[PDB]
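What follows is the content of model_4.txt (compact mmCIF, C-alpha atoms and all ligand atoms).
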# COMPACT_ATOMS: atom_id res chain seq x y z
CA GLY G 952 -48.76 87.75 -143.12
CA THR G 953 -48.90 86.16 -146.56
CA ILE G 954 -45.87 86.26 -148.79
CA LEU G 955 -45.67 84.97 -152.36
CA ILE G 956 -42.46 83.30 -153.57
CA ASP G 957 -42.06 82.94 -157.36
CA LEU G 958 -40.97 79.56 -158.59
CA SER G 959 -38.46 79.45 -161.43
CA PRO G 960 -39.62 77.55 -164.55
CA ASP G 961 -36.45 75.47 -164.03
CA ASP G 962 -37.56 74.28 -160.59
CA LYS G 963 -39.00 70.74 -160.54
CA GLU G 964 -41.77 72.07 -158.30
CA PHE G 965 -42.84 74.60 -160.98
CA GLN G 966 -42.75 71.83 -163.56
CA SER G 967 -44.81 69.31 -161.56
CA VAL G 968 -47.52 71.92 -160.82
CA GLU G 969 -47.67 73.06 -164.47
CA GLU G 970 -47.98 69.43 -165.58
CA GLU G 971 -51.04 68.86 -163.25
CA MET G 972 -52.56 72.04 -164.60
CA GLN G 973 -52.09 71.09 -168.30
CA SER G 974 -52.77 67.34 -168.15
CA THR G 975 -56.08 67.77 -166.33
CA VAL G 976 -57.73 69.97 -168.99
CA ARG G 977 -60.87 68.43 -170.49
CA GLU G 978 -63.76 69.38 -172.74
CA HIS G 979 -66.88 70.61 -170.93
CA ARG G 980 -70.47 69.91 -171.76
CA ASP G 981 -71.22 73.61 -172.10
CA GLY G 982 -68.98 73.67 -175.23
CA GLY G 983 -66.83 76.34 -173.54
CA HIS G 984 -69.60 78.77 -172.54
CA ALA G 985 -68.39 79.34 -168.93
CA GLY G 986 -64.64 78.83 -169.14
CA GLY G 987 -63.77 79.49 -172.78
CA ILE G 988 -62.56 77.29 -175.64
CA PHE G 989 -59.06 75.84 -175.14
CA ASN G 990 -57.07 72.61 -174.90
CA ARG G 991 -54.19 74.06 -172.90
CA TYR G 992 -52.87 77.07 -171.01
CA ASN G 993 -50.07 79.54 -171.26
CA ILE G 994 -48.64 79.44 -167.74
CA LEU G 995 -47.22 82.88 -166.89
CA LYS G 996 -46.23 82.50 -163.21
CA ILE G 997 -46.46 79.98 -160.38
CA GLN G 998 -46.04 81.30 -156.84
CA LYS G 999 -45.79 79.46 -153.51
CA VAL G 1000 -48.19 80.90 -150.93
CA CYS G 1001 -46.58 81.16 -147.48
CA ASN G 1002 -48.55 82.05 -144.38
CA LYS G 1003 -47.56 80.49 -141.05
CA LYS G 1004 -50.88 81.16 -139.27
CA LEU G 1005 -52.95 79.80 -142.16
CA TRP G 1006 -50.64 76.79 -142.44
CA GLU G 1007 -50.93 75.95 -138.74
CA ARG G 1008 -54.69 76.47 -138.99
CA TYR G 1009 -54.69 73.84 -141.79
CA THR G 1010 -52.39 71.32 -139.99
CA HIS G 1011 -54.30 71.58 -136.70
CA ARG G 1012 -57.54 70.62 -138.44
CA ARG G 1013 -55.74 67.97 -140.55
CA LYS G 1014 -54.60 66.15 -137.39
CA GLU G 1015 -58.14 66.34 -135.91
CA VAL G 1016 -59.57 64.78 -139.08
CA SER G 1017 -56.75 62.24 -139.16
CA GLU G 1018 -57.44 61.09 -135.57
CA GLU G 1019 -61.14 60.63 -136.46
CA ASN G 1020 -60.19 58.52 -139.56
CA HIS G 1021 -57.66 55.81 -138.55
CA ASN G 1022 -54.71 58.21 -138.91
CA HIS G 1023 -55.62 59.10 -142.49
CA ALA G 1024 -56.13 62.75 -143.51
CA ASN G 1025 -56.94 61.64 -147.07
CA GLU G 1026 -55.12 64.70 -148.34
CA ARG G 1027 -55.30 65.71 -152.03
CA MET G 1028 -53.97 68.52 -154.19
CA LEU G 1029 -56.93 70.08 -155.98
CA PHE G 1030 -57.76 73.12 -158.05
CA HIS G 1031 -59.89 76.03 -156.93
CA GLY G 1032 -61.15 78.85 -159.16
CA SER G 1033 -62.77 81.89 -157.54
CA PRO G 1034 -63.37 85.63 -157.86
CA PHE G 1035 -62.08 85.73 -154.25
CA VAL G 1036 -58.57 84.35 -154.92
CA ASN G 1037 -56.94 87.50 -153.46
CA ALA G 1038 -58.90 87.34 -150.19
CA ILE G 1039 -58.27 83.57 -149.95
CA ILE G 1040 -54.48 83.79 -150.12
CA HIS G 1041 -54.29 86.56 -147.45
CA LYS G 1042 -57.06 85.42 -145.08
CA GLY G 1043 -57.63 81.74 -145.82
CA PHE G 1044 -60.78 79.94 -146.90
CA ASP G 1045 -63.98 80.70 -145.01
CA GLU G 1046 -67.80 80.67 -145.50
CA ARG G 1047 -67.63 83.72 -147.82
CA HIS G 1048 -65.89 81.57 -150.46
CA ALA G 1049 -68.55 78.81 -150.50
CA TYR G 1050 -70.68 77.96 -153.52
CA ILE G 1051 -74.02 78.45 -151.78
CA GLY G 1052 -75.93 76.98 -154.76
CA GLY G 1053 -73.60 74.00 -155.38
CA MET G 1054 -75.12 70.59 -156.12
CA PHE G 1055 -73.70 69.13 -152.89
CA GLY G 1056 -74.85 72.07 -150.79
CA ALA G 1057 -73.25 75.22 -149.49
CA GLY G 1058 -69.54 74.46 -149.19
CA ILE G 1059 -66.18 75.19 -150.77
CA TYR G 1060 -65.70 73.27 -153.99
CA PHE G 1061 -62.49 71.82 -155.51
CA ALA G 1062 -61.75 69.99 -158.76
CA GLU G 1063 -59.27 67.45 -160.10
CA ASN G 1064 -59.85 68.99 -163.54
CA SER G 1065 -58.10 72.38 -163.75
CA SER G 1066 -60.46 73.29 -166.62
CA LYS G 1067 -63.43 72.81 -164.23
CA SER G 1068 -62.00 75.30 -161.72
CA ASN G 1069 -61.26 77.64 -164.65
CA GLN G 1070 -65.04 77.96 -165.13
CA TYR G 1071 -65.39 79.84 -161.83
CA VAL G 1072 -62.43 82.24 -162.19
CA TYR G 1073 -64.78 85.05 -163.33
CA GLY G 1074 -67.69 83.88 -161.17
CA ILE G 1075 -70.38 81.24 -161.23
CA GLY G 1076 -70.89 80.08 -164.83
CA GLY G 1077 -68.03 82.40 -165.75
CA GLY G 1078 -70.05 85.47 -164.72
CA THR G 1079 -69.74 88.10 -167.45
CA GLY G 1080 -66.22 86.97 -168.39
CA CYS G 1081 -63.07 89.03 -167.98
CA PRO G 1082 -63.40 92.51 -166.39
CA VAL G 1083 -61.88 94.29 -169.41
CA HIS G 1084 -63.44 92.60 -172.45
CA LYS G 1085 -66.53 90.91 -170.89
CA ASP G 1086 -65.34 87.76 -172.65
CA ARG G 1087 -65.67 84.45 -170.78
CA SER G 1088 -63.33 83.05 -173.44
CA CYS G 1089 -60.79 85.92 -173.31
CA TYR G 1090 -57.34 84.83 -174.59
CA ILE G 1091 -55.63 88.05 -173.48
CA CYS G 1092 -56.45 88.71 -169.84
CA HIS G 1093 -54.42 86.99 -167.10
CA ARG G 1094 -56.34 84.43 -165.01
CA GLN G 1095 -55.51 82.95 -161.63
CA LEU G 1096 -56.19 79.53 -160.12
CA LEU G 1097 -55.24 78.05 -156.78
CA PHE G 1098 -53.73 74.58 -156.50
CA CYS G 1099 -54.64 73.62 -152.95
CA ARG G 1100 -53.82 71.10 -150.26
CA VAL G 1101 -57.22 69.73 -149.18
CA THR G 1102 -58.08 67.39 -146.32
CA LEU G 1103 -60.98 65.07 -147.31
CA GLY G 1104 -60.97 62.61 -144.40
CA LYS G 1105 -63.94 60.23 -144.65
CA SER G 1106 -65.61 61.50 -147.81
CA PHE G 1107 -69.30 60.92 -148.61
CA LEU G 1108 -69.54 59.40 -152.10
CA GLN G 1109 -72.23 60.95 -154.28
CA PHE G 1110 -72.82 59.41 -157.72
CA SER G 1111 -74.08 62.11 -160.05
CA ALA G 1112 -74.55 63.49 -163.56
CA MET G 1115 -72.23 77.02 -144.80
CA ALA G 1116 -73.90 73.58 -144.65
CA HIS G 1117 -72.46 70.69 -142.62
CA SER G 1118 -70.72 67.56 -143.78
CA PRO G 1119 -73.00 64.52 -143.84
CA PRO G 1120 -73.02 63.01 -140.33
CA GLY G 1121 -69.90 60.83 -139.90
CA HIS G 1122 -68.01 62.38 -142.84
CA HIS G 1123 -65.49 65.19 -143.37
CA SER G 1124 -66.29 66.02 -147.01
CA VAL G 1125 -68.32 65.02 -150.07
CA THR G 1126 -66.99 63.50 -153.31
CA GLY G 1127 -68.91 64.13 -156.51
CA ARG G 1128 -68.26 61.03 -158.60
CA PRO G 1129 -69.12 61.75 -162.22
CA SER G 1130 -71.70 59.25 -163.61
CA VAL G 1131 -72.31 60.12 -167.33
CA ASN G 1132 -69.35 62.15 -168.73
CA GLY G 1133 -66.75 59.41 -168.77
CA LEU G 1134 -63.90 61.88 -169.19
CA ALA G 1135 -64.84 64.06 -166.16
CA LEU G 1136 -62.73 63.67 -163.06
CA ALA G 1137 -64.03 63.99 -159.49
CA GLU G 1138 -65.06 67.15 -157.66
CA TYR G 1139 -64.97 67.62 -153.88
CA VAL G 1140 -66.64 69.74 -151.24
CA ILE G 1141 -65.52 70.66 -147.73
CA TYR G 1142 -67.62 72.50 -145.14
CA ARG G 1143 -64.80 74.00 -142.99
CA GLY G 1144 -62.32 76.54 -144.42
CA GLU G 1145 -59.55 75.08 -142.25
CA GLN G 1146 -59.57 71.89 -144.36
CA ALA G 1147 -57.87 73.62 -147.31
CA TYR G 1148 -54.55 75.49 -147.71
CA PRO G 1149 -54.07 77.63 -150.88
CA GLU G 1150 -50.57 76.38 -151.63
CA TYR G 1151 -49.88 77.57 -155.18
CA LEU G 1152 -51.16 80.62 -157.02
CA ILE G 1153 -51.04 80.06 -160.76
CA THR G 1154 -51.34 82.93 -163.21
CA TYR G 1155 -52.15 81.91 -166.77
CA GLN G 1156 -54.01 82.50 -169.98
CA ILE G 1157 -56.16 79.98 -171.84
CA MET G 1158 -54.80 79.40 -175.36
CA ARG G 1159 -56.79 79.62 -178.60
CA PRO G 1160 -56.79 76.21 -180.32
CA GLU G 1161 -55.30 75.86 -183.81
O1 LIG G 1201 -63.00 75.70 -158.36
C1 LIG G 1201 -64.22 75.74 -158.14
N1 LIG G 1201 -64.76 76.86 -157.66
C2 LIG G 1201 -66.09 77.02 -157.44
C3 LIG G 1201 -66.64 78.30 -156.87
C4 LIG G 1201 -68.02 78.53 -156.81
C5 LIG G 1201 -68.54 79.70 -156.25
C6 LIG G 1201 -67.70 80.67 -155.71
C7 LIG G 1201 -66.32 80.45 -155.76
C8 LIG G 1201 -65.81 79.27 -156.32
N2 LIG G 1201 -66.95 75.99 -157.65
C9 LIG G 1201 -66.55 74.79 -158.12
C10 LIG G 1201 -67.44 73.75 -158.35
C11 LIG G 1201 -66.95 72.52 -158.83
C12 LIG G 1201 -65.59 72.33 -159.07
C13 LIG G 1201 -64.67 73.34 -158.86
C14 LIG G 1201 -65.11 74.58 -158.40
ZN ZN G 1202 -60.14 90.04 -171.47
Representation of the structure as structure tokens:
Amino acid sequence: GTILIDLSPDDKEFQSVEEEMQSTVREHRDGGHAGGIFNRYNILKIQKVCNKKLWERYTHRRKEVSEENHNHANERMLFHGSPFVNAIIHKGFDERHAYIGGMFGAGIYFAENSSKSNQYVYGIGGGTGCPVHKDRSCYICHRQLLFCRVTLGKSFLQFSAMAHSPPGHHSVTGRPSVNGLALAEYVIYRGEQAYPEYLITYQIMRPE
């Protein structure tokens, strides 16, 4: 029951999503090994992901979390990069899309930095890169990210360089503690706490 609606580049909604995508690129400590070498993207398409059942699944859980957290869902828009992007948009997030070996345990991981999520597009550590060229830094092949609505609720703060949420919390926040340019990363332990709202198709761009 998923349909994808293309946004026009003229639509303010397209523009605000592209701006989040572009302005949250950073340099990574792997020098580009996993995600490639780039300072910006070429955005090819932004589509709105519409699925009534998945949406109501999200909002049902959002209200539960909200009622357990003084009427505060603590909702963010965050990036998600995954080899499973096609299954996520049709079926929603579940345990099969968790990063089992993640530093905050087996959950589903999201990033404020688009360039962080870009590192998982072709798998953990960038896998073997793009299917066609086996190039983790491919400038030709089309990549896809999700920009997602994520319910954090009471988030456990972890200072740092499917399982369950820590008791009394609805999520974990990875607060970066040495790379002063890194933004936060987040983990949820229930698929129903994220809705894959925008599908963004793009290429990374070779720097000049
Ligand atoms: O966007 C992120 N995706 C993933 C990921 C890991 C395994 C399978 C599928 C997706 N992990 C992340 C870890 C930190 C920040 C963002 C992401
Ligand atoms: Zn390629």
Could you work out an axis-aligned bounding box for all listed atoms of segment 1013-1022 of chain G, with 8 Å added on each of the six sides, and give its centre and edge lengths in Å to one decimal, as JSON?
{"center_x": -57.9, "center_y": 61.9, "center_z": -138.1, "size_x": 22.5, "size_y": 28.2, "size_z": 21.0}
Go through G:1023, G:1100, G:1105, G:1094 one by one, measure the shortest atom-to-atom distance of each to ligand ZN 1202 (chain G) using all atoms listed in the file, and give the residue with the smallest value. G:1094
If you count only C-alpha atoms and all ligand atoms, which residues end up within 10 Å of ligand LIG 1201 (chain G), as a PyMOL selection string? chain G and resi 1029-1036+1047-1055+1057-1077+1096-1098+1127+1136-1140
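Computed from the coordinates, the atom CA of residue 965 of chain G to atom CA of residue 1005 of chain G distance equals 22.0 Å.
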Have a look at G:1082, G:1056, G:960, G:952 and name the one nearest to ligand ZN 1202 (chain G); count all atoms listed in the file.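 Under the stated criterion, the closest residue is G:1082.
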Kindly give the distance, in Å, that separates atom CA of residue 1088 of chain G and atom CA of residue 993 of chain G, rounded to a single decimal.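 Going from atom CA of residue 1088 of chain G over to atom CA of residue 993 of chain G, I get 13.9 Å.
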Which protein, DNA or RNA residues have an atom within 6 Å of ligand ZN 1202 (chain G), counting all atoms listed in the file, as a PyMOL selection string? chain G and resi 1081+1083-1084+1086+1089+1091-1092
Would you mind exporting the chosen residues as a PDB file, in the coordinates of the input, restricted to C-alpha atoms?
ATOM      1  CA  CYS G1081     -63.070  89.030-167.980  1.00  0.00           C
ATOM      2  CA  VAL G1083     -61.880  94.290-169.410  1.00  0.00           C
ATOM      3  CA  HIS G1084     -63.440  92.600-172.450  1.00  0.00           C
ATOM      4  CA  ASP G1086     -65.340  87.760-172.650  1.00  0.00           C
ATOM      5  CA  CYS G1089     -60.790  85.920-173.310  1.00  0.00           C
ATOM      6  CA  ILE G1091     -55.630  88.050-173.480  1.00  0.00           C
ATOM      7  CA  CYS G1092     -56.450  88.710-169.840  1.00  0.00           C
TER       8      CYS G1092
END
Given only C-alpha atoms as the counted atoms, nearest of G:964, G:1099, G:1038, G:1019 to residue 1151 of chain G: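 Among G:964, G:1099, G:1038, G:1019, it is G:1099 that comes nearest to residue 1151 of chain G.
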I'd like the contact shell of residue 1123 of chain G - 12 Å cut-off, only C-alpha atoms, skipping same-chain residues fewer than 6 positions apart - returned as an MDAnalysis selection string. chainID G and resid 1012:1013 1015:1020 1023:1026 1058 1101:1108 1116:1117 1139:1146
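Using all atoms listed in the file, the nearest neighbour of residue 978 of chain G within the list G:1157, G:1045, G:1008, G:1135 is G:1135.
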